[PDB]
Amino acid sequence: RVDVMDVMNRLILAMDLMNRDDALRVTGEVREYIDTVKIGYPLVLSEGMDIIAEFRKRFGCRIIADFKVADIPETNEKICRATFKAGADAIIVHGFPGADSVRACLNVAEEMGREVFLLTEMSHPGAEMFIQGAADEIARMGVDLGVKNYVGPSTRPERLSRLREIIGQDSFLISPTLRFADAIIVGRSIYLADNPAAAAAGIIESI
Amino acid sequence: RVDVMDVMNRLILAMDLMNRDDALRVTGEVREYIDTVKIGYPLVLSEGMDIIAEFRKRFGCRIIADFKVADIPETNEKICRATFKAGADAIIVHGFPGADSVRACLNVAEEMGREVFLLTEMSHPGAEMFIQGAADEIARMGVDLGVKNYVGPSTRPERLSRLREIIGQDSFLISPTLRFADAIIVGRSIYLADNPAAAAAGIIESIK
C-alpha cells in the first residue's frame, strides 16, 4: 500500500538488547536484511534517547519506538513530542487508556510528520485478564480515529484475521502470519543467534 | 503505618516540567515542604535518567518514577531494573496488562529493595472506555499479589472510599481526599505559580 510505510523484506528487527555496544554490533551483523528497527525502553533508558539518532545515522534505518504510551492525553503529547524530537519515525501506543489518550498522540504525529501504531492486543498470559476482552473495541476505536498503523499478536492466527476484518485491507499491520500482517517482528531468533546474519537471511528465505 | 513509606507533609510533588533547569529550580523553591517527588517520562526522556540521582542528591528526596509500566513480563522486569539502578525508590505500574506483568515488577522491586505502586484507575475522560470498568478487579489483583502501594484518582471521592475498602486500611494510597489517601499528589498548582513556595506552604496549611 502506497500510503503506509514500506518495510524492507517485511521484517522488523526487535532490538531488545539493553547495552549500546551489543545493540549496535548485533544490528550491524544483520543490517543488509532490514531497514526498520523497533527499540524499547530498556535500551533507551539505559543508554539515552540519543541512541535513536545513532541507529538512523549508522544504519539508515527507520525507528519504531515501542514505548507502549499509556498516560493521560497531556502527558502522552509530551512523550510523543520528546520521542519524535529524538528522531523516532513512529511510536507504539496503548489503546486501553481510551480515545482522547490516543488522539493526543495522533495530534503530535500529524504535526511532526510521524506515525502512531495502535497496540490492539498482547499475547503474554496476563493479557487474558483485561486486554483480550478489549481488543476488538480498541481496534475499532483506532479505525474510527483514522489510525493507519496497528500492532497485533501472531500467537493466534485467527486473531490476526479478526483484526484484519476490523481495520480493513489497507491499513498497516505488524505482528510479533504474512497473509494478514504486512510485516513480522523478530527479536531473539536474530539478536541472540550465534550467527544473527544466518538467522535473518534464513527468515527472509521463507518470506 | 510503619511498613509503608513516610511522605513528608503527606504531599507529593508531581514535577512534570520537561527541562532540567526549571525542574531543579522550581523544585528547589519548594524543597522544604516536600521530601517525595514524582517524575515522569517527559523529563527523563528529554534530560536523561541521570536526573533521578541528581534529584535525590540535591534535595535528599524520594523519587517515584511515574512510568506507567505496561509491557510483557520480561520487558517490565528490564524497565524496572533500569529504573531502580538509576536510583528510583519506586515505580508506578499499570494493572491492565494483568498479573504476570505486575508480578515481574514486584520481583525486581523485592530483589532491589524498592517499591511498586499499582495504578488502579485514571481520571481523564477516555478512562471511561476500559479503565473505569477494570478498576475494582485491578485493585483486587493487587491485593491478591501482596501489593502494598497504590495510585488512585481523587476527582471522585466515592471512588477513593471504594478503593480503600478493597485494599484495606493499611496499604499505602496516593492520589491527585486525605480521609482515604495517605498522601496527595500536586503538580501544576505548585510548579506553575508565580510563587511555588507560597502555593506549597499554603497547601500544607490546609492539611493542618
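### Considering the interface of chain A and chain B
Between chain A and chain B, the residue contacts involve 40 residues of the former and 40 residues of the latter. When the two sides are added together, the surface that chain A and chain B hide from each other amounts to roughly 3100 Å², 70% of it contributed by carbon and sulfur. It is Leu45(A), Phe96(A) and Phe130(A) in chain A that bury the most area against chain B; as a group they hold 24% of the surface buried on that side. Taken together, the links from chain A to chain B amount to 4 salt bridges. The salt bridge partner of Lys68(A) is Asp71(B), with a shortest N-O separation of 2.8 Å. Viewed at the interface, chain B and chain A are joined by 12 residue pairs in polar contact. Of all the secondary-structure elements, those providing two or more residues to the side of chain A that touches chain B are α2 (41-47), β3 (62-69), α4 (73-85), α5 (99-112) and α6 (131-144) of chain A. The biggest single contributor to the side of chain A that touches chain B is α4(A), with 7 residues.

### Regarding the packing of aromatic side chains
As enumerated under the stated definition, the model contains 9 aromatic pairs over all chains in all. Consider the rings of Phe117(A) and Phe172(A), whose centres lie 6.3 Å apart with planes at 75 degrees: the pair is edge-to-face. Of this pair, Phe117(A) sits in strand β5 (residues 115-119) while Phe172(A) sits in strand β7 (residues 172-175); the two residues are 55 residues apart in sequence, bridging distant segments of the chain. The pair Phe117(A) / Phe172(A) is uniform in exposure class, with both members buried. Connected via pairs of aromatic rings, a cluster forms that spans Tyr41(A), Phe67(A), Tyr41(B) and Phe67(B). In this arrangement the basic side chain of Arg179(A) is found over the ring face of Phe180(A), its NZ or CZ atom lying 5.5 Å from the centre.

### Some details on the pairing of strand β7 (residues 172-175) of chain B
Residue and element names in this part refer to chain B. On β7, burial covers both faces: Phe-172 and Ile-174 on one face and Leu-173 and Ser-175 on the other are all buried. Here strand β6 (residues 149-151) runs beside β7; their pairing, made up of 3 bridges, is parallel. Pairing of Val-151 across the sheet is with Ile-174, part of β7. Bridge count for β7 against strand β8 (residues 183-186) is 2 bridges, and the pairing is parallel. The residue bridging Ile-174 from the neighbouring strand is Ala-183, located in β8.

### Overview of the pattern of salt bridges
Residues and elements named next belong to chain B. Going through the model one piece at a time under the given rule, you end up with 39 salt bridges over all chains. Where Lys-68 meets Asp-66, a salt bridge forms, and the shortest distance between an N and an O atom there is 2.8 Å. In this pair, the class of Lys-68 matches that of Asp-66, namely buried. One salt bridge in this structure joins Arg-159 and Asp-136, with 3.0 Å as the shortest N-O distance. Of this pair, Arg-159 sits in helix α7 (residues 157-167) while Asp-136 sits in helix α6 (residues 131-144), and the two are 23 residues apart along the sequence. Of the residues examined, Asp-136 reaches a relative accessible area of 24% and is grouped as partly exposed.

### So, the nonpolar core
Residues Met15(A), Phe55(A) and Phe55(B) are the most contacted members of the largest nonpolar core, which totals 165 residues. Beyond its immediate chain neighbours, meaning those up to four positions away, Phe55(B) contacts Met15(B), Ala23(B), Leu24(B), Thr27(B), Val37(B), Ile39(B), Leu43(B), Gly60(B), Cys61(B) and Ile63(B).

### Things to note about the UniProt feature "active site" in chain B
Annotation from UniProt places "active site" at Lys68(B). On the secondary structure map, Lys68(B) appears in strand β3 (residues 62-69). Among all residues touching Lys68(B), those that are not within four sequence positions of it are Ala70(A), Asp71(A), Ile92(B), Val93(B), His94(B), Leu119(B) and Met122(B). In terms of polar contacts, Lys68(B) uses its side chain to reach the side chain of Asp71(A), at 2.8 Å.

### Considerations on unusual backbone geometry
Among all residues except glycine, the phi angle is most often negative; among peptide bonds, the trans geometry is most common. One non-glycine residue, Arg10(A), adopts positive backbone phi at about 55 degrees. Notably, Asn9(B) is not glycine yet its phi reads approximately 60 degrees, a positive angle. Its place among the elements puts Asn9(B) in the segment before β1 (11-14). Owing to a relative accessible area of 33%, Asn9(B) belongs among the partly exposed residues under this scheme.

### Concerning the sheet that holds β7(B)
All names here are of chain B. The 8 strands lie next to each other as β1-β2-β3-β4-β5-β6-β7-β8, forming a closed barrel whose pairing is parallel. In this sheet, adjacent strand axes meet at a mean angle of 25 degrees when their direction is disregarded. Across 5 bridges, the pairing between strand β4 (residues 90-94) and strand β5 (residues 115-119) is parallel. Across the sheet, the residue bridging to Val-93 is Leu-118, located in β5. Contacting β3, β4 and β5, helix α5 (residues 99-112) runs over the sheet at an angle of about 160 degrees to β5.

Reading the values: the criteria
Residues numbered from 1 in each chain as written, not as in the entry; some residues may be left out. Chains lettered and ligands numbered in written order. Heavy atoms only, no water. Contact = heavy atoms within 4.5 Å. Buried area = accessible area lost by both parts, 1.4 Å probe. Salt bridge = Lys/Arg side-chain N within 4 Å of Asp/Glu carboxyl O. Polar contact = N/O pair within 3.5 Å; in protein donor to acceptor, adjacent residues only side chain to side chain. Helix = DSSP H or I, 4+ residues; strand = E, 2+ residues; numbered from the N terminus. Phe/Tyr/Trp six-rings, centres within 6.5 Å; stacked < 30°, edge-to-face > 60°. Buried < 20%, exposed > 50% of the residue type's maximum accessible area, 1.4 Å probe, protein only. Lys NZ or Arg CZ within 6 Å of the ring centre and 35° of its normal. Pairing = 2+ DSSP bridges. Core = buried A, V, L, I, M, F, W, Y, C linked by side-chain atoms within 4.5 Å. UniProt positions renumbered as here; feature names shortened; annotations may be inferred. Axes fitted to C-alpha atoms, helices over the stretch in contact; angles between N-to-C directions.

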